[PDB]
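No lab work stands behind these numbers, since they all come straight from the coordinates. Positions of Cβ are backbone-derived with ideal geometry, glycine not excepted, and every protein chain shown enters the neighbour counts.
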Amino acid sequence: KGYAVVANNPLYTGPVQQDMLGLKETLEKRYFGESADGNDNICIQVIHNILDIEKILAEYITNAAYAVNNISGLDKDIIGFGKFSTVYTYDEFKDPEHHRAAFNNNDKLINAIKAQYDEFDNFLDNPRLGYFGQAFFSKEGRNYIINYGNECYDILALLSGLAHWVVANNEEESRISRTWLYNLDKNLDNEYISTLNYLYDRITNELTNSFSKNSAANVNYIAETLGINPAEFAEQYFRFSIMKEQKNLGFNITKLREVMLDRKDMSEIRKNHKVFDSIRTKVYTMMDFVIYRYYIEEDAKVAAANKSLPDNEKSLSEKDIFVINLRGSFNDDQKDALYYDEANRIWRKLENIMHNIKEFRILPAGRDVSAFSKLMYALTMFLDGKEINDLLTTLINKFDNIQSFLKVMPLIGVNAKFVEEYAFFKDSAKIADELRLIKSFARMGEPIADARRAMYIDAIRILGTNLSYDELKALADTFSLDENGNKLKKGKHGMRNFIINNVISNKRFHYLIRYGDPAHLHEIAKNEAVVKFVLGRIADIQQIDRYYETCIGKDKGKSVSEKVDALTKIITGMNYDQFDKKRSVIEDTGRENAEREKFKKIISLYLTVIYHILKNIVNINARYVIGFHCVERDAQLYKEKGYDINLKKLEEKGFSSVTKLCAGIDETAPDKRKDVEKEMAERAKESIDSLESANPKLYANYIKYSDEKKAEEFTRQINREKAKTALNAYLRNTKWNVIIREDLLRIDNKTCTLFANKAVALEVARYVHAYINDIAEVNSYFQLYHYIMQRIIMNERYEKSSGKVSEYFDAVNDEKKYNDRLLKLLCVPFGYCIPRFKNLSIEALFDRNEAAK
RNA sequence: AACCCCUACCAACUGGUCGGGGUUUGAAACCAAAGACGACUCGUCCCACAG
RNA sequence: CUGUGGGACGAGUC
Ligand SMILES: [Mg+2]
């Protein structure tokens, strides 16, 4: 550990790679401001990790905002730009006139605040609010009660402010853009902090109660053999249990490190199977616990001790040092060798294991955890399980990478430190630990609470159709009021329980209702081709036979295609009338529940199919949302660099302004006058003597003055000369520069702007049902999504387009399939980044998993 | 495997082979999540039916 | 407070 530990790795130390975007200096100035560009390459990687977390946050916040807007259903964006600002408290929001001093005495602002308060009151009165059971509702006793208006307004305004921070990229919008999330402590009021603390404290109290109801087991041995006081042992055991896997710890402790021991003279645990028969369990746990405790104690004593040493005498703990050693290995046997003698160096706890072999509360509340973690937990309450898992896993991985880089940097010799504007990342280890702890319980809790009449209305709509307001009476007089005109029913509500347990309790239906209208979700599900495609995808997983046996069970050999067709026919034409006519079977119980089980399985299959369709559509849309967010971020970065790019006119002129700036010399103008200026290709040809390897073959032997030299070589030299003026390394390649310049001459700014706006607004998920019956073949969700998007664009601006875009629209209308050329024209704004342009415009590199085809 | 970089051969060099690299490319190092439905084991919670 | 079934979540393999 003398002046270097693992500093010889090529990843940490190496020549400056001159990143393709060319924004490394600008990013370092904005985030660090005191780093040397040509000395290291770790700060740029940290900034890239920050950019990745910004992208993933933008995606998930856009999804959550769309879900909230869909749930509200007031034809106006409740969460958006200029609505529900975080700078206004609940008292000012409810009474803007009495608190006019806070609104800088603006009449229009006060009127807007009053309108927003009316909208918030209507949203609170909306029975659909029960879908966000974990956010706007709390469980007190048996039933769920509505939280106070202060907390609901705090949550809504915090989400709106986070959405503003996602797409602000401004200099003065009553907030500090790009750092509001990183400075929540000095920007949020006390009410928002209290609301976040209460939301965290509910779950922490539930976890403490659950642990105390089952803490009698661990206290018998963990708190006795090791001599740890039980009061300060529950937290340690909980942290060990959450972080006993390779996902969080970073290295194997139980499966490999634990078995690496017990091979020495202390093999009595494994060899003597008589006494060590029913006690090996929890003894392996004790060994893992002591190893984890030693590692975390070493990490904690190394941390908070190198703070005194400014930059040089800082040390690195064995934690993540073992991880760096493992990552340097490139073979399975090398990992075993690394674990070997590492189990011996770590074997300084001989007394602890000797005591172990003789074997036969307070939790961190919201006041201690960071505001970012509480805000992320609140955001997860608007998403669903897979989305929560993906977002939190990405966040913890990126924060772990940032922590590792920030620990490595002092050893390398980099003195770069965050300015007092992005100092939130200086404690990335605590943020990652809190995010892991939050992920440990983010899946807990009932997603839907306080089942109302509107929920059963939506359940009927997603199942049946061909009804009207008559369904209101058909629900009221059958589900809750059947004993008399208005008296509640006895324990004879089996139909209501069936509906709840088969629709409301299912998370797939919650995902559907968060992003789609149940009637529209029923209308889309009636398409035979899409259902057959989903069933084929399910079959290709390597399930159709199981579904057929559990739904249309017939003990006889049948073809897979026949079973898929039968399942499609069952799914197609789904109606609530079949369940309504057989309510007697539903209300019965016993061995005759075969029909009930078949109905449950059919409903589950239908919900699974439609949920898969919706999830694929929203993921594909979110990819382009991320792409446009990256485009806007890069536009901001290039503007800060010093290039002539207008950010205010970016939306008016389309998001291709970055591509035009990076292309080089402007050409999209009637008064070009650049061909005469680009006549330096002749001088370049005359100066070909510098390249002594090409001159004997270019114009000395293989001249071909007829067509190759004159018509082809001169044009290629002109194109290369236009390419050498590119401001980005991606477009410095002649091929990509020529492709981008050719594409820039056919794009329509209005079409690109509309496509970006509808991608951000997730407009495809609204008209997917309407624009799905006019498709000849559904090869993949990519083609489906892009055909729907092109159909929406046509329906908006068919008559307001001219040129090749009109030809592409006509081709889409005639040939019912997505247009690749139109897709390239729409992805032209992504053209400055070649991999992003190719992935988002070609149906061969878009999906990571579909690369096998 | 899309993109970028490196050694060698060749090559308008906007092209190919030979190998190596890429957390500093792209949802994109590794793990993990998703794709991906479904099955089993160990613990917790909730719901329904009974005393 | 005690039993029988279903659902959700934490941990690993197909
Ligand atoms: Mg990256």
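Going by the alpha-carbon gyration tensor, a ≥ b ≥ c the square roots of its eigenvalues, is the range A:453-619 rounded (a/c under 1.5) or, if a/c is not under 1.5, prolate (a/b greater than b/c) versus oblate? Walk me through the numbers before you get to the answer.
Values: a/c = 2.31, a/b = 1.47, b/c = 1.58.
Taking the square roots of the gyration eigenvalues as a ≥ b ≥ c, the range A:453-619 is oblate.
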Which of A:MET266, A:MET455, A:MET789 has the fewest other C-beta atoms within 10 Å, and how do the rest follow up to the most?
A:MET266, A:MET455, A:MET789
Any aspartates and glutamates with Cα under 20 Å of the A:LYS709 Cα? List them, leaving off those in the same chain fewer than 8 positions away.
A:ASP675, A:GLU679, A:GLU682, A:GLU686, A:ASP689, A:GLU692, A:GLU721
Which GluC sites (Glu not before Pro) from the range A:627-714 combine a DSSP loop assignment with at most 13 other Cβ atoms within 10 Å?
A:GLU652, A:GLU677, A:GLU679, A:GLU692
Segment A:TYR469-A:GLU528, extension gain: residue separation times 0.36 nm, minus the distance between their alpha carbons
18.3 nm
Work out how far the C-alpha atoms of the range A:387-541 reach from end to end along every principal axis, then list the three figures in whole Å, largest first.
79, 43, 27
So what's the gap between the Cα centers of the range A:65-122 and the range A:142-157, to the nearest angstrom?
16
Taking the range A:669-722 as the region of interest, what is the percent of Cα-Cα pairs per 10 angstrom bin, listed from the shortest bin to the one with the maximum distance?
22, 50, 20, 7, 0
Over 27 Å between Cα atoms, which of A:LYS55/A:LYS724; A:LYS307/A:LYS430; A:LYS24/A:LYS649 qualify?
A:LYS55/A:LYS724
Give or take rounding to whole Å, what are the principal axis extents of the alpha carbon atoms in the range A:160-204, in descending order?
38, 17, 15
Treating only the Cβ of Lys, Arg, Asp and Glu as charged (+1, +1, -1, -1), what charge dipole size does the range A:669-722 show about its Cα centre? Round to the nearest 20 debye.
160
When the charge dipole of the range A:669-722 is computed with +1 at the Cβ of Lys and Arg and -1 at the Cβ of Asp and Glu, the Cα pointing farthest to the positive end, of A:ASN719, A:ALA681, A:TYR705, is that of A:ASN719
Net charge near A:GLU224, counting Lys/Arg +1 and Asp/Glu -1 over other residues with Cβ under 13 Å of its Cβ?
+1
What's the ranking of A:741-752, A:574-585 by average number of surrounding C-beta atoms within 10 Å, highest first?
A:741-752, A:574-585
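Using a 10 Å cut-off on Cβ atoms, rank the peptides A:167-180, A:49-62 from the highest mean neighbour count down.
The packing order, highest mean first, is A:49-62, A:167-180.
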Cross-link pairs beyond the 19 Å C-alpha cut-off, checked among A:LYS639/A:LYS660; A:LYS76/A:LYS507; A:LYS653/A:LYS758; A:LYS1/A:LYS255; A:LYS532/A:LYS824:
A:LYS76/A:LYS507; A:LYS1/A:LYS255; A:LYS532/A:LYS824
So, in nm, how far is label A:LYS800 from label A:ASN229 when the simple model puts each one 7 Å beyond its Cα toward the Cβ?
7.1
Which residue, chosen from A:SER440, A:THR465, A:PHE405, occupies the Cα position most advanced towards the positive end of the dipole of the range A:392-467, where the dipole is computed from +1 (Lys, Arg) and -1 (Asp, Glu) charges on Cβ about the Cα centre?
A:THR465
Taking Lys and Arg as +1 and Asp and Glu as -1, residues besides A:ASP19 with C-beta under 14 Å from its C-beta add up to -2
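Going by average Cβ density within 10 Å per residue, which order do the peptides A:439-445, A:512-518 take, highest to lowest? Don't skip to the answer; put the middle values down first.
On the way: A:439-445: 16.3, A:512-518: 22.3.
Top to bottom by mean Cβ count within 10 Å: A:512-518, A:439-445.
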Please report the spacing between the Cα centers of the range A:415-468 and the range A:715-758 in Å, no decimals.
40
Options A:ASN344, A:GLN134, A:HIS522, ranked by Cα towards positive dipole end of chain A, top entry (Cβ charges):
A:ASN344
If each of A:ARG591 and A:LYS674 carries a label point 7 Å out from its Cα toward its Cβ, how far apart are those two points in nm?
8.4
For the range A:211-356, what is the charge dipole size about the Cα centre, in debye to the nearest 20, if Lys and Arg each add +1 at the Cβ and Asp and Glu each add -1 at the Cβ?
340
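Based on the Cα coordinates of the range A:419-474, what is the per residue volume of their convex hull in Å³?
On the way: hull volume 9.4 nm³, N = 56.
Taking only Cα atoms, the range A:419-474 has a hull volume of 168 Å³ per residue.
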Summing -39500 (n - 2.57) over every DSSP H run of at least 4 residues in chain A and dividing by its residue count gives a helix-only mean residue ellipticity at 222 nm, to the nearest 500 deg cm²/dmol, of -16500 deg cm²/dmol
Of the cross-linked pairs A:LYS386/A:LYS615; A:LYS563/A:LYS816; A:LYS244/A:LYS374; A:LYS750/A:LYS800, which ones have a Cα-Cα span greater than 19 Å in the structure shown?
A:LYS563/A:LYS816; A:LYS244/A:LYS374
Point-charge dipole on Cβ atoms (K/R +1, D/E -1) for chain A, about Cα centre, debye to 20
1760
Modelled FRET efficiency - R0 45 Å, A:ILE146 with A:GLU172, Cβ distances, 0.05 increments:
0.75
For A:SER138, which sequence-distant residues (separation of 5 or more, or a different chain) have an amide H within less than 5 Å of its own amide H, given hydrogens modelled in the peptide plane?
A:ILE145, A:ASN147
Note the direction-averaged projected area, equal to a quarter of the hull surface, for the Cα convex hull of chain A, in nm².
48.6
